[PDB]
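Trainee: Can you read through this structure? Questions will come right after.
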Amino acid sequence: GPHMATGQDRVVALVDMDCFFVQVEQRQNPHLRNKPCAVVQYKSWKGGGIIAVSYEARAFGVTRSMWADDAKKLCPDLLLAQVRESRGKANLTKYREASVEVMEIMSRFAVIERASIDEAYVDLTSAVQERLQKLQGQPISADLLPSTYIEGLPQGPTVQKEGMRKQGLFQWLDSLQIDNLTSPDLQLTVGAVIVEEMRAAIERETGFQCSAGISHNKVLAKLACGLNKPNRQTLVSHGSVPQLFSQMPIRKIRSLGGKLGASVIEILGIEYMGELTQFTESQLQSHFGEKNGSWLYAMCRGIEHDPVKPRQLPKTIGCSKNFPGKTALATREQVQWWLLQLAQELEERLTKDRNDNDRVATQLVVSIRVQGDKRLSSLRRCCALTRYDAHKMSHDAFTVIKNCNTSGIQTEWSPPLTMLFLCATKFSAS
DNA sequence: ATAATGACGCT
DNA sequence: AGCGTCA
Ligand SMILES: Cc1cn([C@H]2C[C@H](O)[C@@H](COP(=O)(O)NP(=O)(O)OP(=O)(O)O)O2)c(=O)[nH]c1=O
Ligand SMILES: [Mg+2]
Ligand SMILES: [Mg+2]
C-alpha cells in the first residue's frame with residue numbers, strides 16, 4: 001500500500017535517430033532522399049554488407065546484415081551509399097561526426113548518457129520540475145504534442161493512424177490532473193512536451209529525424225521509443241505497464257535479448273514479461289542470481305533504478321578488422337602491416353580526441369581472433385599507451401601477441417588470424 | 001563471409 | 001588482468 005515504491009520518481013527519455021547512417025548519406029546526397037536506400041560496407045563481396053536501411057527499403061524486406069546483391073533481389077530500385085574506406089578498412093568518421101552534432105544539441109536540454117552512436121538517454125526530472133513552475137497550473141494543449149503517442153490509448157467506447165494517435169492523446173489529456181505538480185502522469189506529459197522541443201531542434205539544426213520514448217526509467221523509455229518509429233515519440237506511463245507487458249515477449253526488453261532472456265523463458269516456462277510477476281524475488285534470485293533476480297522482480301513491474309549517467313563521450317576508442325575465410329592472415333608480415341593500418345587510424349582518432357576533449361588514453365588493448373574460434377575474441381592482451389605514435393603502438397601490439405604464433409617458420413603465422421582489434425582505454429585528464 | 005564497434009559484468 | 005554477454 002503506502003510503502004510500495006512504484007518507480008515513478010524520474011522522467012527519463014531515450015532519443016534514437018531513424019535509420020541513422022542512411023539519413024547522414026541522404027542529407028549529403030539529395031538524390032537519395034525519400035527513396036529505398038541502404039548503407040553498405042565493402043563492395044566486392046556480394047555487393048557489400050548492409051548496415052543501415054531506409055524505411056522505404058524496409059517495406060521491401062531489406063534488412064541489416066543482408067548482402068547488397070541479395071537486397072537488390074527484393075528491391076531492384078534500391079539505392080546504395082558506401083562507407084568510406086581508408087587504409088584498407090571501413091572508416092566510420094562521417095557517422096561519428098554526425099553523432100556529435102546530435103549529442104551536442106541534446107546536451108543543451110539536459111544531462112545525457114550516450115548509449116550508442118545514434119542514441120542517448122535523457123534525465124528530464126529537473127527540467128520538468130521547472131517547466132511545471134513556469135506553466136502556472138495551465139492545461140497542456142494537444143498542439144504541444146504533435147508527434148506523441150500515448151501507449152495503451154485510445155481505449156473504450158477512426159480508421160487512420162493519425163486519427164488513432166489523436167484520439168488516444170485526447171483521452172490522456174482529458175484525464176490529466178494539472179493541479180497536482182507531483183502527479184507522475186503529469187510529469188511524463190511535460191517530459192514529452194520537452195522531448196517534442198528537443199526533437200524539433202535536432203531536425204531543424206541537422207536535418208535528421210528521430211524517435212523517442214518517455215517513461216520513468218531507461219528500459220521503459222527504450223522500449224517506448226521503438227513502438228512508433230519512425231519520426232514519432234511514445235509516452236509509456238506506469239499505468240500502461242500491465243497491459244503492455246502482458247503480451248510483450250521477454251526478448252524485447254533491453255538486456256534480455258540474449259542467453260539470460262532465453263534461460264528465463266526455459267527455466268520458468270513463460271513467454272511474456274508480465275508473467276514474471278508471479279514469482280517471488282527470492283525465487284527469481286535462486287534461478288538467475290542476486291542481481292538479475294532483483295532486477296527482474298522490479299522490471300516486470302515497470303520499475304528500474306539504473307541512473308542516466310552523465311557521459312556524452314565514448315569511454316574507449318577502437319578499431320578492428322576481420323579477415324574471414326581464405327583471407328585469414330597467415331604471415332608475420334601480413335599481421336604487422338595490418339596492425340600498422342589499425343594503429344594509424346587509432347593515432348588519428350586519438351590525436352583528434354585529445355585536442356577536442358582534453359584527455360589522453362593510457363592503456364592499449366590488443367585483441368585477436370584465431371581461425372576456427374567463433375568467439376568475438378580468442379585472446380586479449382594489454383600494454384601501456386604512452387605515446388600517440390602509430391609505429392610504436394603497432395610494434396607494442398605485435399610484441400604482446402607475437403607469442404600466439406605456434407608456427408615453426410617465424411615468417412609464417414599459425415593458426416591464421418581472422419581478426420585484429422586495437423582499443424585505446426583508461427583515459428586521464430590532459 | 002557481416003563488419004565494426006562499444007559498455008559492462010564476472011572472476 | 002583477461003574472458004563473456006549484449007547490443
Ligand atoms: C544495430 C547496428 C547499428 N549499426 C549502425 C547503423 C545504424 O544506422 C546506426 C544506429 O543503429 P540503430 O539505431 O540500431 N538502427 P537505425 O538508426 O539505422 O534505424 P532505426 O533506429 O531502427 O530507425 O548504427 C551498425 O553498424 N551495426 C549494427 O549492428
Ligand atoms: Mg536508430
Ligand atoms: Mg540506436
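Each chain in the C-alpha cells gets a letter, A, B and so on, in the order shown; residues start at 1 in every chain, and ligands are counted from 1 in the order they appear.
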Looking only at the backbone, which of the residues in stretch 255-343 of chain A does DSSP tag as strand (DSSP E), as an NGL selection string?

Mentor: :A and (317-322 or 329-331)

Trainee: Restrict the selected residues to N, CA and C atoms and save them as a short mmCIF file (atom, residue, chain, number, x, y, z; two decimals), in the first residue's frame.

Mentor:
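To be explicit, this is the file written out as out26.cif:
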```cif
data_model
loop_
_atom_site.label_atom_id
_atom_site.label_comp_id
_atom_site.auth_asym_id
_atom_site.auth_seq_id
_atom_site.Cartn_x
_atom_site.Cartn_y
_atom_site.Cartn_z
N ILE A 317 38.30 4.08 -27.46
CA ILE A 317 38.41 4.38 -28.88
C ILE A 317 39.12 3.22 -29.54
N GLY A 318 38.43 2.56 -30.45
CA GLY A 318 38.97 1.35 -31.03
C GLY A 318 38.73 1.20 -32.51
N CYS A 319 39.52 0.33 -33.11
CA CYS A 319 39.24 -0.05 -34.48
C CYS A 319 39.70 -1.48 -34.72
N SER A 320 38.92 -2.16 -35.54
CA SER A 320 39.15 -3.57 -35.77
C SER A 320 38.92 -3.93 -37.22
N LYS A 321 39.53 -5.02 -37.65
CA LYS A 321 39.23 -5.57 -38.95
C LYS A 321 39.16 -7.09 -38.89
N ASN A 322 38.14 -7.67 -39.51
CA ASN A 322 38.03 -9.11 -39.71
C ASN A 322 38.71 -9.54 -41.01
N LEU A 329 44.88 -13.99 -41.97
CA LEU A 329 46.29 -13.63 -42.09
C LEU A 329 47.20 -14.81 -41.70
N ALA A 330 48.17 -15.12 -42.55
CA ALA A 330 48.97 -16.32 -42.34
C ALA A 330 50.47 -16.07 -42.36
N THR A 331 50.87 -14.82 -42.54
CA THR A 331 52.29 -14.46 -42.46
C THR A 331 52.53 -13.33 -41.46
#
```

Trainee: Enumerate, in order of chain and increasing residue number, the residues of chain B with an atom no farther than 10 Å from chain A, each with its shortest atom pair and distance in Å to one decimal, counting only C-alpha atoms (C1' of nucleotides), as CSV.

Mentor:
```
residue,atom,partner,partner_atom,distance
B:1,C1',A:324,CA,6.0
B:2,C1',A:65,CA,5.5
B:3,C1',A:322,CA,7.2
B:4,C1',A:320,CA,6.3
B:5,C1',A:319,CA,7.1
B:6,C1',A:316,CA,7.4
B:7,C1',A:315,CA,8.3
```

Trainee: Go ahead and save the picked residues with N, CA, C and O atoms (P, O5', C5', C4', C3', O3' and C1' of nucleotides), as a compact mmCIF listing (two decimals), in the first residue's frame.

Mentor:
```
# COMPACT_ATOMS: atom_id res chain seq x y z
P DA B 1 33.82 -17.58 -41.86
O5' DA B 1 32.92 -16.58 -42.72
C5' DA B 1 32.35 -15.43 -42.11
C4' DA B 1 31.47 -14.67 -43.09
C3' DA B 1 30.48 -15.53 -43.88
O3' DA B 1 29.27 -14.81 -44.06
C1' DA B 1 31.91 -14.40 -45.37
P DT B 2 28.02 -15.12 -43.11
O5' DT B 2 28.08 -13.97 -41.99
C5' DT B 2 27.46 -12.72 -42.23
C4' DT B 2 28.49 -11.69 -42.63
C3' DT B 2 29.62 -11.49 -41.61
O3' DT B 2 30.85 -11.24 -42.27
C1' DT B 2 28.58 -9.45 -42.00
P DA B 3 32.11 -10.69 -41.43
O5' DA B 3 31.86 -9.12 -41.32
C5' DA B 3 31.97 -8.29 -42.45
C4' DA B 3 32.33 -6.87 -42.03
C3' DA B 3 33.53 -6.75 -41.10
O3' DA B 3 34.20 -5.56 -41.41
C1' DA B 3 31.63 -5.90 -40.00
P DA B 4 35.42 -5.13 -40.55
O5' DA B 4 34.82 -4.01 -39.57
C5' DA B 4 34.28 -2.87 -40.08
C4' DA B 4 33.68 -1.95 -38.97
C1' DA B 4 32.98 -2.55 -36.84
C3' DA B 4 34.80 -1.65 -37.89
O3' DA B 4 34.78 -0.33 -37.54
P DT B 5 35.88 0.31 -36.64
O5' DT B 5 35.59 -0.33 -35.24
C5' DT B 5 35.39 0.46 -34.17
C4' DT B 5 33.96 0.36 -33.72
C3' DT B 5 33.79 0.72 -32.28
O3' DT B 5 33.60 2.09 -32.21
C1' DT B 5 32.37 -1.09 -32.99
P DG B 6 34.26 2.92 -31.03
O5' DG B 6 33.44 2.43 -29.74
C5' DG B 6 32.10 2.81 -29.57
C4' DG B 6 31.48 2.04 -28.42
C3' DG B 6 32.32 2.01 -27.14
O3' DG B 6 31.80 2.92 -26.21
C1' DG B 6 31.20 -0.05 -27.61
P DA B 7 32.30 2.91 -24.68
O5' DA B 7 31.22 1.99 -23.94
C5' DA B 7 29.84 2.37 -23.92
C4' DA B 7 29.06 1.52 -22.93
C3' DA B 7 29.64 1.51 -21.52
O3' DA B 7 28.59 1.51 -20.55
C1' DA B 7 29.65 -0.69 -22.40
```

Trainee: Could you pull out all residues of stretch 14-257 of chain A with a DSSP call of helix (DSSP H, G or I) and give them as number ranges by chain?

Mentor: A: 20-28, 30-32, 55-58, 68-74, 93-106, 125-134, 142-144, 161-175, 184-206, 218-226, 238-246, 250-252

Trainee: Restrict the distance test to only C-alpha atoms (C1' of nucleotides), flag each residue of chain C within 8 Å of chain A, and return the flagged residues as a PDB file with C-alpha atoms (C1' of nucleotides), in the first residue's frame.

Mentor:
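Written out: selection-v1.pdb:
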```pdb
ATOM      1  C1'  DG C   2      41.624 -11.495 -19.143  1.00  0.00           C
ATOM      2  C1'  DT C   5      27.494 -11.029 -22.557  1.00  0.00           C
ATOM      3  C1'  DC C   6      24.581  -7.778 -25.019  1.00  0.00           C
TER       4       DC C   6
END
```

Trainee: Within 7 Å of ligand 1, counting only C-alpha atoms (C1' of nucleotides) and all ligand atoms: which residues, as a PyMOL selection string?

Mentor: (chain A and resi 16-22+51-53+117-119+229-230) or (chain B and resi 4) or (chain C and resi 7)

Trainee: Using only C-alpha atoms (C1' of nucleotides), determine which residues lie at most 10 Å from residue A:182, disregarding the query and same-chain residues fewer than 6 positions distant; provide the list as a list in words.

Mentor: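 Near neighbours after the sequence-gap exclusion: residues 9, 129 and 132 of chain A.
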
Trainee: Measuring between only C-alpha atoms and all ligand atoms, which one of A:82, A:93, A:363, A:23 shows the shortest distance to ligand 2?

Mentor: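 The closest residue to ligand 2 is A:23.
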
Trainee: What does the structure give for the distance between atom CA of residue A:136 and atom CA of residue A:13, in Å to one decimal?

Mentor: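 Here the two named atoms are 23.7 Å from each other.
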
Trainee: Which polymer residues have any atom within 10 Å of an atom of residue A:152, counting only C-alpha atoms (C1' of nucleotides), with same-chain residues fewer than 3 positions away left out, as number ranges by chain?

Mentor: A: 149, 155, 168, 172, 235-237, 239-241, 243-244

Trainee: Now that the selection is made, can you save its residues with N, CA and C atoms as a tab-separated table (two decimals), in the first residue's frame?

Mentor:
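Listing of result33.tsv after writing:
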```
chain	number	residue	atom	x	y	z
A	149	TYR	N	2.51	9.64	-29.16
A	149	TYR	CA	1.58	8.54	-28.94
A	149	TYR	C	1.54	8.26	-27.46
A	155	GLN	N	-8.77	3.79	-25.68
A	155	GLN	CA	-9.43	2.59	-25.22
A	155	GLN	C	-10.89	2.92	-24.95
A	168	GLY	N	-6.21	8.93	-28.79
A	168	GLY	CA	-5.54	8.50	-27.58
A	168	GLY	C	-4.98	9.67	-26.79
A	172	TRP	N	-5.98	10.91	-22.96
A	172	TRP	CA	-4.93	11.14	-21.97
A	172	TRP	C	-5.01	12.55	-21.36
A	235	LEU	N	4.86	7.90	-25.18
A	235	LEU	CA	4.85	8.01	-23.72
A	235	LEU	C	4.31	6.69	-23.15
A	236	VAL	N	5.11	6.03	-22.32
A	236	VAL	CA	4.68	4.83	-21.61
A	236	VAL	C	4.56	5.17	-20.12
A	237	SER	N	3.32	5.26	-19.65
A	237	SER	CA	3.07	5.57	-18.26
A	237	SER	C	3.23	4.32	-17.37
A	239	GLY	N	1.07	3.23	-15.45
A	239	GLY	CA	-0.22	2.56	-15.53
A	239	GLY	C	-0.38	1.69	-16.76
A	240	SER	N	0.31	2.05	-17.84
A	240	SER	CA	0.24	1.26	-19.07
A	240	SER	C	1.00	-0.07	-18.98
A	241	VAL	N	1.81	-0.25	-17.94
A	241	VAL	CA	2.72	-1.39	-17.96
A	241	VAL	C	2.07	-2.79	-17.90
A	243	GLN	N	-0.77	-4.03	-19.11
A	243	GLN	CA	-1.28	-4.48	-20.39
A	243	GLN	C	-0.14	-4.59	-21.40
A	244	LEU	N	0.76	-3.61	-21.38
A	244	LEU	CA	1.89	-3.61	-22.32
A	244	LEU	C	2.72	-4.87	-22.14
```

Trainee: Select, from A:83, A:135, A:210, A:38, the residue with the minimum atom-to-atom distance to ligand 3, counting only C-alpha atoms and all ligand atoms.

Mentor: A:210

Trainee: Write out as number ranges by chain which residues come within 8 Å of residue A:281 when counting only C-alpha atoms (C1' of nucleotides), dropping same-chain ones fewer than 2 positions away.

Mentor: A: 279, 283-285, 293-294, 297

Trainee: Save out the residues we just selected, N, CA, C and O atoms, as a PDB file, in the first residue's frame.

Mentor:
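Okay, part21.pdb is ready:
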```
ATOM      1  N   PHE A 279       6.346 -14.689  -9.626  1.00  0.00           N
ATOM      2  CA  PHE A 279       7.431 -15.301  -8.886  1.00  0.00           C
ATOM      3  C   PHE A 279       7.912 -14.372  -7.774  1.00  0.00           C
ATOM      4  O   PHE A 279       7.892 -13.154  -7.926  1.00  0.00           O
ATOM      5  N   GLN A 283      12.676 -16.364  -5.441  1.00  0.00           N
ATOM      6  CA  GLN A 283      12.603 -17.369  -6.497  1.00  0.00           C
ATOM      7  C   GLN A 283      13.414 -16.914  -7.713  1.00  0.00           C
ATOM      8  O   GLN A 283      14.177 -17.681  -8.297  1.00  0.00           O
ATOM      9  N   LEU A 284      13.256 -15.658  -8.097  1.00  0.00           N
ATOM     10  CA  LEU A 284      13.980 -15.192  -9.276  1.00  0.00           C
ATOM     11  C   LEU A 284      15.478 -15.141  -8.978  1.00  0.00           C
ATOM     12  O   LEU A 284      16.305 -15.480  -9.830  1.00  0.00           O
ATOM     13  N   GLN A 285      15.826 -14.728  -7.768  1.00  0.00           N
ATOM     14  CA  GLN A 285      17.229 -14.714  -7.366  1.00  0.00           C
ATOM     15  C   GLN A 285      17.830 -16.123  -7.354  1.00  0.00           C
ATOM     16  O   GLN A 285      18.999 -16.305  -7.699  1.00  0.00           O
ATOM     17  N   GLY A 293      18.041 -11.420 -10.373  1.00  0.00           N
ATOM     18  CA  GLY A 293      16.748 -11.741  -9.778  1.00  0.00           C
ATOM     19  C   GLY A 293      16.010 -10.493  -9.308  1.00  0.00           C
ATOM     20  O   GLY A 293      14.814 -10.306  -9.588  1.00  0.00           O
ATOM     21  N   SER A 294      16.720  -9.639  -8.578  1.00  0.00           N
ATOM     22  CA  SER A 294      16.142  -8.398  -8.080  1.00  0.00           C
ATOM     23  C   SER A 294      15.744  -7.508  -9.241  1.00  0.00           C
ATOM     24  O   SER A 294      14.683  -6.884  -9.220  1.00  0.00           O
ATOM     25  N   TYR A 297      12.610  -8.851 -10.856  1.00  0.00           N
ATOM     26  CA  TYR A 297      11.441  -8.711  -9.993  1.00  0.00           C
ATOM     27  C   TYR A 297      10.853  -7.305 -10.113  1.00  0.00           C
ATOM     28  O   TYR A 297       9.631  -7.126 -10.272  1.00  0.00           O
TER      29      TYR A 297
END
```

Trainee: Can you pull out the residues contacting residue A:225? Cut-off 12 Å, using only C-alpha atoms (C1' of nucleotides), and skip same-chain residues under 2 positions away; I want them as a VMD selection string.

Mentor: chain A and resid 12 to 18 119 to 121 148 to 151 192 195 210 to 215 218 to 223 227 to 236
